[PDB]
Structure formats: structure tokens, C-alpha cells
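Structure record follows, encoded as C-alpha cells.
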Amino acid sequence: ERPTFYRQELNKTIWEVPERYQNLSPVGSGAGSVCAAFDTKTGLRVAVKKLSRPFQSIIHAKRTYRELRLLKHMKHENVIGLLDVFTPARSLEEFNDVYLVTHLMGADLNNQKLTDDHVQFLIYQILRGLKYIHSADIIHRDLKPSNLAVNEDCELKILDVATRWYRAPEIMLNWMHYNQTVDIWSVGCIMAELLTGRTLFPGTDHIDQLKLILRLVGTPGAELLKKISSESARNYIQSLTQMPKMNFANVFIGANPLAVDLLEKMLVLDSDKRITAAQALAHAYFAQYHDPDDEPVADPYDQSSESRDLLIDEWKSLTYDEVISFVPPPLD
Ligand SMILES: CCCCCCCCO[C@@H]1O[C@H](CO)[C@@H](O)[C@H](O)[C@H]1O
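Following this line, the structure appears as C-alpha cells:
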């Protein structure tokens with residue numbers, strides 16, 4: 004049955020939401037607008053995002069669909085999920101607005121070294137979430153402290183200048199064919215910063231970022247240089263003065279040797295040689311948290327919906343179908 008909706012003017016528009024969602028109050032970007041609310045059915049504080057111009061163009065429509073589909077797929081403790089999605093529309097013909105409801109997250113990992125035991129717990133949770141995302145054949149591509157939410161029990165969820187500080191070197195070289203370990207590079211950068219209280223590679227601009235990375239991990243070795251299809255890349259690298267990888271033990275002074283060992287395995291230039299999320303969860307650094315019985319994988323996720331060129335009304339109809347078919351997660 005259809006919930007009774009009410010209407011209220013918020014962020015220059017009339018929002019129309021199920022009455023279960025009370026005390027709406029703005030907090031949000033625009034890069036759709038977000039309101040905080042209290043969900044009375046579940047007892048939870050939530051974020052309610054009214055999408056802005058979701059079907060204004062083919063590009064907007066395809067974006068909306070892909071975003072909804074992703075959020076509907078993600079069902080893991082360490083990944084943001086969808087609590088609800090709704091529209092006031094009673095039919096496709098009347099369908100214009102989409103609203104997404106998620107847990108209201110109070111803090112992120114930006115929000120001043122952490123202790124080694126806390127770094128262990130936070131990075132464990134990131135990697136547990138990443139194992140799940142990667143198992144769906146999804147690459148996050150923009151892992152950074154602001155995309156990591158934590159609650160007051162230090163339970164963590166991976167979220168949905184934009185800073186370059188956490189970005190894998192191959193993304194900044196426009197390499198394409200990205201591996202999932204682009205995300206492992208980011209996790210390394212985050213872990214280093216939690217341990218030291220300092221940004222590992224605080225690049226001022228695009229080339230400076232690359233310069234800082236090369237300073238720590240050294241210039242490419244022969245095995246990596248063999249895999250560079252680009253003639254221009256190859257000839258530039260060969261001309262750099264050969265520098266060895268720095269000693270992470272004497273870069274992360276005071277740090278748990280198990281942590282340094284893990285960082286050495288994450289922050290490798292060659293993406294094929296970086297540790298995977300599932301391998302990292304088995305690393306002795308996480309001995310106190312690691313449990314193979316509860317590090318679950320995802321169902322396969324279909325991203326083909328993505329190479330396709332469809333009409334606006336087709337993307338719109340497909341999005342409508344996803345809104346109607348939505349099943350809320352268990353009351354928990
Ligand atoms: C001057 C800085 C050079 C940075 C080298 C980064 C190499 C990243 O690693 C590479 O990434 C690709 C994308 O997955 C793969 O196709 C390769 O097999 C791999 O070597």
C-alpha cells in the first residue's frame with residue numbers, strides 16, 4: 004500500500020515524502037539536495053536526498069539509473085546501503101522525482121595520530137567493505153577520508183579541488199584499464215595518514231603529486247617498464263635519475279612493523295603487484311579482527327547498462343521499475 008505523503012517547502016522546492024520521515028532539515032551540497041530526518045518506523049536518523057534534475061537529459065537519466073542500481077545492490081555492513089527509495093508519483097506518466105534515503109552519517113575520517125589498535129580496526133573495516141565491492145566487479149576509484157563515514161562505535165561505511187592525494191598513479195596518468203587495486207593504493211595512503219597524522223602525498227598540483235609518489239616508492243623497475251605500451255611514457259621514465267624505494271621502516275618511524283609491512287604491499291607502483299583486499303584481510307596486522315566466516319562477497323553486478331545508448335524515456339522507465347521493485351532491508 005502507498006504511504007500517506009505530506010508536502011513541505013524545503014531548499015526552494017516542494018518536497019513530498021512519506022509521513023514516517025519527520026523533522027526534515029537541510030544539510031546538503033548540490034553536486036541533489038539533502039535533508040536530515042528522523043525515520044519513525046525504524047527509529048533511525050536518516051539522510052533524504054532529493055535528486056536534482058534526474059531525467060533532464062540522457063546523461064542525467066543514465067546517471068540516475070546507474071546510481072540507484074548501485075545503491076540497491078550494496079548490502080554489506082561496511083558499505084553504504086539504501087534504506088528507502090520513493091517517489092510521490094502514482095504512475096510512470098506522473099514520474100518526475102526520485103528520493104533516496106540512507107543512514108545519516110555523523111562523522112567521517114577527516115573529522120592527531122590514531123593508535124595502532126584503532127588504525128587496525130578502521131582499515132580492517134575498509135578492506136572488508138572493499139573485498140565486497142571488488143567481488144561485485146566494481147572499482148570505487150575515489151576512496152578518500154571524506155568517503156569514509158564512522159559512527160560513535162567506530163563502525164565504518166564506505167560512501168558514494184576534488185583532492186588527488188589518495189589517487190593511484192595510473193589514474194593520474196590517464197592509463198585506463200584500471201585494476202581494482204587502484205583502491206588498494208588509496209587505502210595505503212589513508213592508512214599511512216592515520217598512522218602518522220600527516221598526508222602521505224600532499225601534492226600541490228597534478229605533476230607535483232606524481233613527483234611526491236616517485237620520491238617514496240622509487241622510479242619504475244625493469245619489470246614494470248616492460249609493461250608500458252606508451253612510447254612517450256617509456257622514454258620519459260628512462261631519463262629520470264634512478265632512485266631506490268625508500269625504507270618504509272625509516273619513513274613510518276615508531277609504527278608497528280606489521281603495519282609497515284602492509285603499507286609496503288599496498289604502495290607499490292605496479293598495480294599487478296599490489297596486495298588485494300582479500301589478501302590484505304589475511305595479513306597478520308589484522309589478526310585480532312580477521313574472520314573468514316564473516317567477510318562476505320557480493321552478488322555479481324551488471325554494469326553493461328552503461329555502454330548502452332538509450333532514449334531518455336527508456337532510462338526513465340527503467341529507473342521507475344527499480345523504484346517500484348525496491349525491497350527495504352530487514353528492520354535489524
Ligand atoms: C611515472 C609514474 C609511473 C607510474 C606507473 C604505474 C603503473 C601501474 O601499474 C599498471 O597499471 C595498469 C592499469 O591496471 C596495468 O595495465 C599494468 O599491468 C600495471 O603495471
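Letter by letter, the sequence shown follows residues 4 to 34, 36 to 115, 120 to 168, 183 to 354 in the UniProt record's numbering.
Here a beta-carbon is modelled for each residue, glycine too, at the ideal position from N, C-alpha and C.
Those residues which DSSP pairs with residue i across a bridge
i: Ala51; result: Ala40 and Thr106
i: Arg10; result: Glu19
i: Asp112; result: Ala157
i: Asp88; result: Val105
i: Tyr24; result: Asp43
i: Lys165; result: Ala157
i: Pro29; result: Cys39
i: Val83; result: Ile166
Within 8 Å, strictly: CB atoms of residue i and residue j
i: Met194; j: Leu130; result: no
i: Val273; j: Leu216; result: no
i: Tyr103; j: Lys54; result: yes
i: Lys76; j: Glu336; result: no
i: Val20; j: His107; result: no
i: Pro242; j: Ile229; result: no
i: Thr44; j: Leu353; result: no
i: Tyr188; j: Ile141; result: no
i: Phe348; j: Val89; result: yes
i: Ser339; j: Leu86; result: no
i: residue 35; j: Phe270; result: No coordinates exist for residue 35; the numbering of the chain passes from 34 to 36 with nothing in between.
i: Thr218; j: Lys121; result: yes
i: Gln11; j: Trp18; result: yes
i: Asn196; j: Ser293; result: no
i: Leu222; j: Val158; result: no
i: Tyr9; j: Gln128; result: no
i: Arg136; j: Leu303; result: yes
Residue i burial status per 10 Å Cβ neighbour count (16 or more: buried)
i: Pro350; result: exposed
i: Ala34; result: exposed
i: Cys39; result: buried
i: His126; result: exposed
i: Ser329; result: exposed
i: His199; result: exposed
i: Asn82; result: buried
i: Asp101; result: buried
i: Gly110; result: exposed
i: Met78; result: buried
i: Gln133; result: buried
i: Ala244; result: exposed
i: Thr68; result: buried
i: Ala214; result: buried
i: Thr91; result: buried
Nearest-angstrom beta carbon gap, residue j and residue i [assumed within contact, 8 Å]
i: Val209; j: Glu192; result: Going by Cβ atoms, the distance from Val209 to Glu192 rounds to 15 Å, so no, they are not a contact pair.
i: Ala65; j: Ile275; result: Actually they do not touch by this definition, with Cβ atoms about 52 Å apart.
i: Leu236; j: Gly225; result: Incorrect: roughly 11 Å between the Cβ atoms, too far for contact.
i: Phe99; j: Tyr342; result: 5 Å
i: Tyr323; j: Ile146; result: 6 Å
i: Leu27; j: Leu13; result: 6 Å
i: residue 117; j: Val319; result: There are no atomic positions for residue 117 here, as the chain continues from 115 directly to 120.
i: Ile84; j: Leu167; result: 5 Å
i: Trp207; j: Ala190; result: 4 Å
i: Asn278; j: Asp124; result: 5 Å
Within-8 Å CB hit, residue i to chain D
i: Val158; result: The structure shown contains no chain D; it holds only a single protein chain.
beta-carbon residue i near ligand 2 non-hydrogen atom, thresh 7 Å
i: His199; result: Ligand 2 is not part of this structure, which contains only ligand 1.
Exercise for the section: Tell me, please, whether the segment 55-75 touches the segment 291-301 by the rule of three or more beta-carbon pairs shorter than 8 Å. Expected result: no
Handout entry: Cβ pair count under 8 Å reaching 3, the segment 303-315 against the segment 69-83
Key = no
Problem - Touching by the beta-carbon criterion (3+ pairs, under 8 Å), the segment 240-251 and the segment 149-167 - result: Judged by Cβ distances under 8 Å, the segment 240-251 makes no contact with the segment 149-167, as fewer than three pairs qualify.
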